[PDB]
Amino acid sequence: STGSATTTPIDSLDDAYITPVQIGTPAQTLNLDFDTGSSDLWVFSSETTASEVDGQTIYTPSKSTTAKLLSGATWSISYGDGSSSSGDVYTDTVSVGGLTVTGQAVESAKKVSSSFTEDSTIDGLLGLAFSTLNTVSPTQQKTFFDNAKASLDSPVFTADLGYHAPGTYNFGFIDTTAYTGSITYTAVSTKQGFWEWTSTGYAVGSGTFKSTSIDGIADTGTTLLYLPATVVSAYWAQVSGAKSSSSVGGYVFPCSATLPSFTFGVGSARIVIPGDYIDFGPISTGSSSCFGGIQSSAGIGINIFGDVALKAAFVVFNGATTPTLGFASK
Ligand SMILES: CS(=O)(=O)c1ccc(CNC(=O)NC[C@H]2CCOC2)cc1
């Protein structure tokens, strides 16, 4: 089997991407944030505290003839941005782009943090990291990819995120029309539950490539590119008037600037992030200070190849017995 679904930026800055997901019988279609940095499929629901729902589409398990309460199971997750959600668990039929999993754990939110409530466009998350991070207790549950894997033509999914445009998530096949050149594969560590890999280095604009190992995660659920402070300083030093602002919470730059590109290494290959991809617009409406798309990881504890980086590539999440990541230009 295979699946193919379009992923659409939630706003004009590509702050996140939503992909329609069919849940239950008859189908209830929710727009979920596909997150290769977490392992829970959770949704706004008929159980979510009413005051915490503000425009999201909800899953109502009582209206699904295939929904089953997973008795005694609860979940609770806290994300790197400080947001959180928790609730109980159903199993139900979940389809993405034509690919169907029966008995998928659908984590029904009873509580969500303010950032979730405040974002009307995201109806929940679909985690695509390794199932070892799944928060369901007392019986840990499998991701949608882990449940689908054995049925897929090839045990892979691919992320093809658009810059200011829709893109695609494919399951079970590699669309050889979707990228240029060849796919470079690189080793993955699953020891922290993430798609964790080591970049071979970077370049700023037309600058010379610096060969240096940068361990980090491929995380579709994080907007920006978070890298060591040395690398980030080298980038923003090339932008007149750029500075790190403690009050704003990262590097800002004059909105009048033309940003340089950023290149990262994948083995001997190179992925180039155009400068425009690094512009996240005014810090506040009407400001001439713009927020940068490359930020320090120093306060995180891990480097994160988020959407800014991943949207410059066609990315293969290879779930073979030994997982690997693939990157191609496009
Ligand atoms: C409420 S929301 O904006 O829809 C949302 C979606 C997904 C995550 C998962 N990503 C994440 O935690 N990234 C961590 C990085 C960003 C900061 O700290 C480092 C968090 C929040």
# chains A, B, ... in the order shown; residues from 1 in each chain; ligands from 1
$ closest_atom_pairs --of "chain A" --to "ligand 1" --cutoff "9 Å" --atoms "only C-alpha atoms and all ligand atoms" --output "tab-separated table"
residue	atom	partner	partner_atom_place_in_ligand_line	distance
A:15	CA	ligand 1	3 (O)	7.7
A:16	CA	ligand 1	4 (O)	7.2
A:33	CA	ligand 1	6 (C)	7.0
A:34	CA	ligand 1	7 (C)	8.7
A:35	CA	ligand 1	7 (C)	6.9
A:37	CA	ligand 1	9 (C)	6.8
A:38	CA	ligand 1	9 (C)	7.3
A:78	CA	ligand 1	12 (O)	7.9
A:79	CA	ligand 1	12 (O)	4.0
A:80	CA	ligand 1	12 (O)	3.4
A:81	CA	ligand 1	17 (C)	3.8
A:82	CA	ligand 1	12 (O)	7.0
A:83	CA	ligand 1	1 (C)	5.6
A:84	CA	ligand 1	1 (C)	7.9
A:113	CA	ligand 1	1 (C)	7.7
A:114	CA	ligand 1	1 (C)	7.8
A:115	CA	ligand 1	1 (C)	4.5
A:116	CA	ligand 1	1 (C)	4.5
A:117	CA	ligand 1	1 (C)	8.1
A:118	CA	ligand 1	1 (C)	8.1
A:119	CA	ligand 1	4 (O)	6.6
A:121	CA	ligand 1	4 (O)	8.8
A:122	CA	ligand 1	4 (O)	6.5
A:124	CA	ligand 1	4 (O)	8.1
A:125	CA	ligand 1	7 (C)	7.4
A:219	CA	ligand 1	10 (N)	7.6
A:220	CA	ligand 1	10 (N)	8.1
A:221	CA	ligand 1	10 (N)	4.7
A:222	CA	ligand 1	13 (N)	4.3
A:223	CA	ligand 1	16 (C)	6.9
A:224	CA	ligand 1	16 (C)	7.2
A:225	CA	ligand 1	15 (C)	8.8
A:226	CA	ligand 1	19 (C)	7.4
A:297	CA	ligand 1	19 (C)	7.5
A:299	CA	ligand 1	18 (O)	8.4
A:300	CA	ligand 1	19 (C)	6.0
A:302	CA	ligand 1	19 (C)	8.6
A:303	CA	ligand 1	19 (C)	8.8
A:304	CA	ligand 1	15 (C)	7.2
A:306	CA	ligand 1	13 (N)	8.1
$ select_by_dssp --residues "stretch 50-266 of chain A" --states "strand (DSSP E or B)" --output "PyMOL selection string"
chain A and resi 59+68-78+84-96+99-112+124-127+137+156-160+167-171+184-187+189+196-204+210-218+225-227+243-245+250-254+262-266
$ closest_residue --among "A:46, A:240, A:134, A:120" --to "residue A:77" --atoms "only C-alpha atoms"
A:134
$ residues_around --residues "residue A:305" --least-positions-apart "5" --cutoff "12 Å" --atoms "only C-alpha atoms" --output "number ranges by chain"
A: 36-37, 194-199, 214-228, 264-266, 271, 273, 293-297, 310-313, 315
$ select_by_dssp --residues "stretch 44-154 of chain A" --states "alpha helix (DSSP H)" --output "MDAnalysis selection string"
chainID A and resid 114:118 144:148
$ write_last_selection --atoms "N, CA and C atoms" --output "PDB file, in the first residue's frame"
ATOM      1  N   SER A 114      -2.538  26.828  26.150  1.00  0.00           N
ATOM      2  CA  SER A 114      -3.049  28.049  25.488  1.00  0.00           C
ATOM      3  C   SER A 114      -2.598  28.164  24.017  1.00  0.00           C
ATOM      4  N   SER A 115      -1.351  27.800  23.695  1.00  0.00           N
ATOM      5  CA  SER A 115      -0.828  27.943  22.309  1.00  0.00           C
ATOM      6  C   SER A 115      -1.686  27.106  21.353  1.00  0.00           C
ATOM      7  N   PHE A 116      -2.113  25.912  21.774  1.00  0.00           N
ATOM      8  CA  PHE A 116      -2.984  25.038  20.946  1.00  0.00           C
ATOM      9  C   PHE A 116      -4.344  25.708  20.761  1.00  0.00           C
ATOM     10  N   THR A 117      -4.959  26.178  21.848  1.00  0.00           N
ATOM     11  CA  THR A 117      -6.288  26.811  21.787  1.00  0.00           C
ATOM     12  C   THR A 117      -6.241  27.991  20.812  1.00  0.00           C
ATOM     13  N   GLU A 118      -5.156  28.738  20.896  1.00  0.00           N
ATOM     14  CA  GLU A 118      -4.993  30.012  20.165  1.00  0.00           C
ATOM     15  C   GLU A 118      -4.744  29.803  18.689  1.00  0.00           C
ATOM     16  N   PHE A 144       1.363   6.032  13.670  1.00  0.00           N
ATOM     17  CA  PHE A 144       0.654   5.706  12.423  1.00  0.00           C
ATOM     18  C   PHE A 144       1.642   5.052  11.465  1.00  0.00           C
ATOM     19  N   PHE A 145       2.870   5.573  11.328  1.00  0.00           N
ATOM     20  CA  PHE A 145       3.879   4.985  10.414  1.00  0.00           C
ATOM     21  C   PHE A 145       4.265   3.599  10.891  1.00  0.00           C
ATOM     22  N   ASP A 146       4.467   3.423  12.177  1.00  0.00           N
ATOM     23  CA  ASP A 146       4.892   2.111  12.708  1.00  0.00           C
ATOM     24  C   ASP A 146       3.770   1.116  12.423  1.00  0.00           C
ATOM     25  N   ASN A 147       2.516   1.468  12.644  1.00  0.00           N
ATOM     26  CA  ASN A 147       1.371   0.578  12.360  1.00  0.00           C
ATOM     27  C   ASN A 147       1.250   0.286  10.876  1.00  0.00           C
ATOM     28  N   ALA A 148       1.507   1.233  10.000  1.00  0.00           N
ATOM     29  CA  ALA A 148       1.368   1.056   8.542  1.00  0.00           C
ATOM     30  C   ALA A 148       2.522   0.285   7.909  1.00  0.00           C
TER      31      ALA A 148
END
